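Colleague: sharing an experimental structure here, sequence included.
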Amino acid sequence: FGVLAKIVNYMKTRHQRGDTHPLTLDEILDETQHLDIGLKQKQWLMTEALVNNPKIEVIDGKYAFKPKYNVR
Amino acid sequence: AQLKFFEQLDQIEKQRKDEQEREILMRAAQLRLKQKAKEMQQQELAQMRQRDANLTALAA
Amino acid sequence: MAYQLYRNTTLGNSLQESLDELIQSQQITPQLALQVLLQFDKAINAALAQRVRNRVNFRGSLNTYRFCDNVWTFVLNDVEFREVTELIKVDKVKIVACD
Amino acid sequence: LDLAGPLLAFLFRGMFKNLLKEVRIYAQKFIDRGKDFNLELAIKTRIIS
Amino acid sequence: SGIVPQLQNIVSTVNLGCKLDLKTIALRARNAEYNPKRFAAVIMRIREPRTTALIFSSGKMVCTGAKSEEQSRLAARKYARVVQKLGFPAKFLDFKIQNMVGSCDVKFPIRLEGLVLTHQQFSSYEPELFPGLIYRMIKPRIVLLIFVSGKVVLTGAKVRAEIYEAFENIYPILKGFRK
Amino acid sequence: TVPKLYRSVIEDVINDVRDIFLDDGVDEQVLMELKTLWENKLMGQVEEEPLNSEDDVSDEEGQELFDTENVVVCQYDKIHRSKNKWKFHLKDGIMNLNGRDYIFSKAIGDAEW
Amino acid sequence: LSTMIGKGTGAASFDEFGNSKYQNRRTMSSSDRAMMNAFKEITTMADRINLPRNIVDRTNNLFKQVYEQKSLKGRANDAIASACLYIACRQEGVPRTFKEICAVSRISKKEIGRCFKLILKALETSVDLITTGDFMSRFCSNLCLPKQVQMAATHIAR
Amino acid sequence: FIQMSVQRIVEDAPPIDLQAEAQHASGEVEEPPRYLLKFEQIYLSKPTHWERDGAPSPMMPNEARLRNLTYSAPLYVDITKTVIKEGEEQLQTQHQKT
Amino acid sequence: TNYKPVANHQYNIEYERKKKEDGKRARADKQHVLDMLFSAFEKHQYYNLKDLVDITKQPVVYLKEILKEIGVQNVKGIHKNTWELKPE
């Protein structure tokens, strides 16, 4: 679950890049040096619990558009 | 492989019995919950313990 | 994920070579090999800590030393390892220490 | 009739209780820090006298 | 007076002008040690000048143990060159001698009691704390440790001239209290 | 003596890895094969910026690269140095001198720099 | 320029759940509270070795001068108080050893000595050098030696 | 008063029990040490006056009248201090005539 | 015998020896500190700065900087305003 908040921080720096694009969890876990096993499944249960309260927006489809106010 | 699936189902029954056959011993004096809590505590130690391994390998 | 000192010795090297042979034969997975190495490190640390009860001495001269992350890397020359039962002479030695 | 003895006994009761209270406080600070407080320093001699 | 103090230790600070990685320096250098729990710098020693230097991540270095100004500068340059050999853009900027220490003997016992009585404004003699008398000279900002055995140690000097001048000032005073 | 300690270490290692071999679901024959192979394998410069004015101010760095000479790996309790000499309270550890291995509990060392 | 209030009588003084004195009185400033605590510590330390009140007052004046001068603001209060007590004993002519002051103060001898040097510099004053005869009376009396033995020891040391 | 009541007041007072407030935030299985103090065996000395030098000397009553001294006698108590750190060992140091 | 002259009190020397042996907490790399912080938060949601310092074993200023980067202080009715380890 802590690694999950770390993924949130990662996507926050991703916003900071400005190259935000519709993504998924596997590529982030790879780029953050973490694996894809049943651990990813339990942390994805936690991640969907996050999707129930993702003030930092994490939607399932085309997503990650956190800022409630966002133009450039 | 089908037989291995059956053995895994038997291990699931064995863990339920062990957790519940004494979730009762605690009451006589939640076991699964306690085990989960114990597992949660180690995670922080493990990594503090673990990355030292990475630097020691670099050092030696 | 442990102290990892004795891996770079005769014993650790032999264990690593055996694990490499089994990996080449596909008999064991690399994760299993790493787990075996970790368990070996624990067991060897405990064994040296417990079953060794002898006191040794040595003298000599130091040519180099290094310290980082609680790891000493002394480099001595013309060392004489003196023990009550036997005396050993060595031209050069490298002492790696951790804690 | 309360003579000198009983009166001084009442006063000394009060002052010894105060002395033990001060020892308790002073030692509790050092115990919280983990230092092994010295008894001689804890006793405030002025209280009784 | 016929006596000249001899330097026992010189402290010099020089800025390399570039940030450094203390862990990398510790791993790659020869005689360097790094214990961030104990001290925040890296301690390195070179035997040929017989000196020790502390190297900080900010790029500033302090060299101690040199018996001469030339030895101090050469040792500082050698440490900077070692760091440069480790790949860093180490330079030699604003090298300066922060402190010099000298020692000498007057060859006669001294009555520190009379000395402190006469020069109480500059003297400080506390046998409980330290057997040597501490004299704080004003015209040169030098602190002198005078001992009953006659040994005199001078410190706080930036140049050798300060050491020599302070000893020249103190010698007649000490001669006045010869035991 | 040292071989006997080695055999005891073998016993400890196999006992310690049995539980992991059960956890990972791998058959126990791996341990036997591992032990067999392991045993078989064992037995006036005003402008001072340029630092090139000095050269050959170092020593050969190939000693640490080689490491072929004798090597001692242990743990340290206290290590003191007083301006010339290095003093060593190295605790239980292992030594590899001339191939033959040495085992110790307390190691005391004095060296000069 | 302050006052304070008590319980008074039993009626409206204590309110809904025992308000007490409406409050707690809450008086003063740190530049006086710290000095007050130091004065209390000085009295305690002096009474530990039965120092007379005149030495206590000299210590209090020395501490006031040091505290207002503020060159020792970084040093912990008790060290300043102990060094002031040592200096007052030296000035009154009855010196106590640094170990003797450390025996009654939580501050170590080294810190007491450092603060003593700093206080001497800040006050721009000085203390007469101690002699062997200063400690003879206290040492002999604590050892319960006869008067002739004390005289002999004093003469031998001198 | 002096012979009996002072000693009885010292003995009647409950022993002082002190322990740390879950220091170090560790497993804390009674880890904070327990300090127990028990006062005993009060001793009184003869009336004594300590001079500016700090040298004790007996205080005659007339000297107390002339020099406005107070006629008082030192009061000493034996104290026993026990430390229980849950290290399976308890150490009971005794302080004599405090 | 009371108040015998001692160079330094025994308890103080023991405490100083312990502190010297332990040493000051070192400033570790940002990545490892962040990972440890995230695991700590995984234990449960709310942490006080003092015990978080104990858990992380990092300097208070460095830990505060790293925590201000991601975590946010919430004023709460628990006892006081404390840190929140959730970045959002």
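Modeller: Happy to help now that I have it. Numbers count the residues shown, from 1 in each chain, chains lettered A, B, ... in the order given.
Colleague: identify the residues contacting the closest residue to chain C within chain I.
Modeller: Closest residue of chain I to chain C, Cβ to the nearest Cβ: residue I:26 (9.8 Å). For the C-beta atoms, the positions are set from N, CA and C on the backbone; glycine is no exception. With contacts defined as Cβ atoms under 8 Å, 6 or more residues apart in numbering or on different chains, the neighbours of residue I:26 are E:36-37, I:58-59.
Colleague: switch to 7 Å and redo it
Modeller: E:36-37 (Cβ atoms under 7 Å, 6 or more residues apart in numbering or on different chains).
Colleague: repeat for residue E:93
Modeller: E:14-17.
Colleague: do the same with residue H:78
Modeller: Neighbours of residue H:78 in contact, by Cβ under 7 Å, 6+ apart: H:40-41, H:94-97.
Colleague: helix, strand, or coil at residue D:23?
Modeller: helix (DSSP: H, G, I helix; E, B strand; the rest coil).
Colleague: that one reaches residue D:45, doesn't it?
Modeller: No: when contacts are counted by Cβ atoms under 7 Å, residue D:23 is not listed as touching residue D:45 (11.6 Å).
Colleague: ok, those two, which is more surrounded?
Modeller: residue D:23 (21 against 16; other Cβ atoms under 10 Å in any protein chain shown).
Colleague: report the separation between residue E:154 and chain C.
Modeller: Using Cβ to the nearest Cβ, to the nearest Å, residue E:154 is found at 33 Å from chain C.
Colleague: and chain C, which of the contacts of residue E:93 reach it?
Modeller: Applying Cβ under 7 Å from any Cβ of the partner chain, the subset of these adjacent to chain C is empty.
Colleague: now do the strands in chain A.
Modeller: Read by DSSP state E, chain A holds no strands at all.
Colleague: in it, which residue sits closest to chain E?
Modeller: Closest point on chain A to chain E, by Cβ to the nearest Cβ, is residue A:33, at 20.2 Å.
Colleague: contact partners of the longest helix seen in chain F?
Modeller: Longest helix in chain F by number of residues, with DSSP state H as the criterion: helix F:2-23. Helix F:2-23 is contacted from outside by C:35-36, C:39-40, C:42-44, C:47, C:51, F:28, F:30-31, F:35, F:101, F:103, using Cβ under 7 Å, 6+ apart.
Colleague: how about 6 Å then?
Modeller: C:35-36, C:39-40, C:43, C:47, F:31, F:101 (Cβ atoms under 6 Å, 6 or more residues apart in numbering or on different chains).
Colleague: ok, residue A:34 - how many residues close by?
Modeller: Number of residues near residue A:34 (other Cβ under 10 Å) recorded here: 17.
Colleague: quickly note the distance from it to residue A:26.
Modeller: 10 Å (Cβ to Cβ, to the nearest Å).
Colleague: for the chain, which segments are assigned as helices?
Modeller: Here I'm looking at chain A. A:2-17, A:25-31, A:38-52.
Colleague: you looked at the wrong chain, it should be chain H
Modeller: H:5-12, H:61-66.
Colleague: leaving out sequence neighbours, find the closest residue to residue F:109.
Modeller: Using Cβ to Cβ, 6 or more residues apart in numbering or on different chains and skipping the chain neighbours, the partner closest in space to residue F:109 is residue F:88 (3.3 Å).
Colleague: what's in contact with the helix or strand harbouring residue I:61?
Modeller: Per DSSP states H and E, residue I:61 falls inside helix I:60-70. Helix I:60-70 is contacted from outside by A:9, I:27, I:33, I:53, I:56, I:83, I:87, using Cβ under 6 Å, 6+ apart.
Colleague: now render the helices of chain A as TSV, adding mean neighbour count.
Modeller: Below are those laid out as TSV (neighbours: other Cβ atoms under 10 Å in any protein chain shown):
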stretch	mean neighbour count
helix A:2-17	17
helix A:25-31	13
helix A:38-52	13
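Colleague: now for the ones you listed, which one comes closest to residue I:38?
Modeller: Comparison of the helices of chain A against residue I:38 by Cβ to Cβ identifies helix A:2-17 as nearest, at 2.8 Å.
Colleague: give me the contacts around that closest one.
Modeller: Helix A:2-17 has contacts (Cβ under 6 Å, 6+ apart) with A:20, A:28, A:32, A:43, A:46, A:56, A:64, I:38-39, I:41-42, I:70, I:87.
Colleague: what about residue F:101, how many neighbours?
Modeller: Neighbour tally, residue F:101, other Cβ under 10 Å: 16.
Colleague: residues contacting it?
Modeller: residue F:2.
Colleague: list the contacts of the residue in chain D positioned nearest to chain F.
Modeller: Per Cβ to the nearest Cβ, residue D:34 is where chain D lies closest to chain F, at 23.4 Å. Contact analysis of residue D:34 by Cβ under 6 Å, 6+ apart lists residue H:23.
Colleague: let's see that with 7 Å instead.
Modeller: By Cβ under 7 Å, 6+ apart, the contact list for residue D:34 reads H:23, I:15.
Colleague: can you tell me the SS state at residue E:80?
Modeller: helix.
Colleague: give me the neighbour count for the nearest residue to it once chain neighbours are set aside.
Modeller: Spatially, and ignoring its direct neighbours in sequence, residue E:80 is nearest to residue E:90 (4.7 Å; Cβ to Cβ, 6+ apart). When neighbours are defined as other Cβ under 10 Å, residue E:90 has 25 of them.
Colleague: tell me which element residue E:90 is part of?
Modeller: Counting by DSSP H and E, residue E:90 is found in no helix or strand.
Colleague: wait, doesn't it sit right on residue E:83?
Modeller: Yes: Residue E:90 lies in contact with residue E:83 (Cβ under 7 Å); the separation is 4.2 Å.
Colleague: who touches both of these two?
Modeller: Joint contacts of residue E:90 and residue E:83 (Cβ under 7 Å, 6+ apart) are residue E:16.
Colleague: surely the residue nearest to residue F:109 is within a helix?
Modeller: No: Residue F:88: not assigned to a helix; according to three-state DSSP it is strand.
Colleague: give me the beta-bridge partners of it?
Modeller: residue F:79, residue F:109 (DSSP bridges).
Colleague: interface residues of chain B facing chain E?
Modeller: Counting by Cβ under 7 Å from any Cβ, chain B sits next to chain E at residue B:59.
Colleague: and the strands in chain B?
Modeller: Under DSSP E, chain B gives no strands.
Colleague: in it, what residue comes closest to chain E?
Modeller: Closest point on chain B to chain E, by Cβ to the nearest Cβ, is residue B:59, at 6.7 Å.
Colleague: my guess is that residue meets residue C:70, correct?
Modeller: No: using Cβ under 7 Å, residue B:59 makes no contact with residue C:70, being 8.8 Å away.
Colleague: give me the more crowded residue out of those two.
Modeller: The residue with more neighbours, out of residue B:59 and residue C:70, is residue B:59; 20 against 15, by other Cβ under 10 Å.
Colleague: what sits against that one?
Modeller: Residues near residue B:59 by Cβ under 7 Å, 6+ apart: C:68-69, C:71, E:27.
Colleague: ditto for residue E:89
Modeller: Residue E:89 neighbours (Cβ under 7 Å, 6+ apart): residue E:18.
Colleague: one more pass at 10 Å, please.
Modeller: By Cβ atoms under 10 Å, 6 or more residues apart in numbering or on different chains, the residues touching residue E:89 are E:16-20, E:59, E:83.
Colleague: relative to residue E:20, how far out is it?
Modeller: 10 Å.
Colleague: now for these two: what residues contact both?
Modeller: E:59, E:83.
Colleague: now residue F:47: phi and psi?
Modeller: Per-residue torsions, residue F:47: phi -90, psi 90 (degrees, to the nearest 10).
Colleague: report the contact partners of residue 30.
Modeller: No chain in the question, so chain A it is. With Cβ under 10 Å, 6+ apart, residue A:30 has these contacts: residue A:36.
Colleague: look at chain H instead
Modeller: H:19, H:84-86.
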